[PDB]
Ligand SMILES: O=c1[nH]cnc2c1oc1ccccc12
């Protein structure tokens with residue numbers, strides 16, 4: 003048993019809810035929250051911007067030190083950093099950004115990072131301002147992640163369409 007509530011069962015291991023990922027983290031304090039990161043860990047807007055704002059910019063300060071030491075992530079890659087006030091850990095995962103011309107086949111590689119963690123609170127990778135089709139992102143998630151993933155979908159309209167169209 004875990005602390006996630008009202009989540010709507012999609013598969014053996016994948017659950018979904020209409021919730022802003024920032025809000026949900028504050029309530030649950032999950033072991034792992036996933037950030038929709040870019041390779042520079044520049045959390046300007048989007049989930050990264052909303053998560054970072056909720057940490058009072060401490061996520062960005064920690065991320066700038068990580069990049070100064072290690073250099074940029076790979077598209078499809080990840081790093082584990084602090085979860086600050088939101089979670090124990092934040093798994094920063096880089097899905098391909100369609101609005102930058104990145105290979106959508108890298109979305110599967112991105113979701114493979116989730117398999118290193120038994121339970122995660124996550125957004126749909128490459129959705130929102132990353133430009134991919136969220137229906138596609140949910141299909142890759144279900145077909146790639148084997149650990150237990152709790153997806154939050156910010157848009158009530160999109161949350162309804164993802165459920166209704168789910169095969
Ligand atoms: O939370 C989201 N995940 C993936 N796509 C979207 C989400 O919120 C949105 C709001 C407007 C348009 C797309 C999205």
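Residue numbers (the entry's author numbering): 3 to 169.
All residues carry an ideal CB built from backbone N, CA and C; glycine is no exception.
Under 9 Å between C-beta atoms of residue i and residue j
{"i": "residue 128", "j": "residue 109", "result": "yes"}
{"i": "residue 156", "j": "residue 22", "result": "yes"}
{"i": "residue 57", "j": "residue 86", "result": "yes"}
{"i": "residue 33", "j": "residue 104", "result": "no"}
{"i": "residue 115", "j": "residue 73", "result": "no"}
{"i": "residue 126", "j": "residue 111", "result": "no"}
{"i": "residue 41", "j": "residue 77", "result": "yes"}
{"i": "residue 31", "j": "residue 88", "result": "yes"}
{"i": "residue 96", "j": "residue 117", "result": "no"}
Residue i versus residue j - alpha carbon distance
{"i": "residue 62", "j": "residue 113", "result": "23 Å"}
{"i": "residue 149", "j": "residue 17", "result": "11 Å"}
{"i": "residue 11", "j": "residue 28", "result": "22 Å"}
{"i": "residue 137", "j": "residue 106", "result": "13 Å"}
{"i": "residue 98", "j": "residue 5", "result": "31 Å"}
{"i": "residue 131", "j": "residue 20", "result": "18 Å"}
{"i": "residue 151", "j": "residue 65", "result": "24 Å"}
{"i": "residue 91", "j": "residue 35", "result": "7 Å"}
{"i": "residue 53", "j": "residue 25", "result": "9 Å"}
{"i": "residue 82", "j": "residue 166", "result": "33 Å"}
{"i": "residue 143", "j": "residue 124", "result": "10 Å"}
{"i": "residue 135", "j": "residue 43", "result": "23 Å"}
{"i": "residue 45", "j": "residue 60", "result": "11 Å"}
{"i": "residue 145", "j": "residue 168", "result": "12 Å"}
{"i": "residue 39", "j": "residue 158", "result": "23 Å"}
{"i": "residue 133", "j": "residue 9", "result": "25 Å"}
{"i": "residue 162", "j": "residue 141", "result": "15 Å"}
With 16 other Cβ atoms within 10 Å as the buried cut-off, status of residue i
{"i": "residue 13", "result": "exposed"}
{"i": "residue 48", "result": "buried"}
{"i": "residue 70", "result": "exposed"}
{"i": "residue 37", "result": "buried"}
{"i": "residue 3", "result": "exposed"}
{"i": "residue 170", "result": "No statement about residue 170 is possible, as the shown extent of the chain runs from 3 to 169 and does not include it."}
Entirely enclosed beta strand (DSSP E) segments - the stretch 22-56, minimum 3 residues: 34-38
Complete runs of the beta strand (DSSP E) confined to the stretch 87-142 [at least 3 residues]: 91-95 and 121-124
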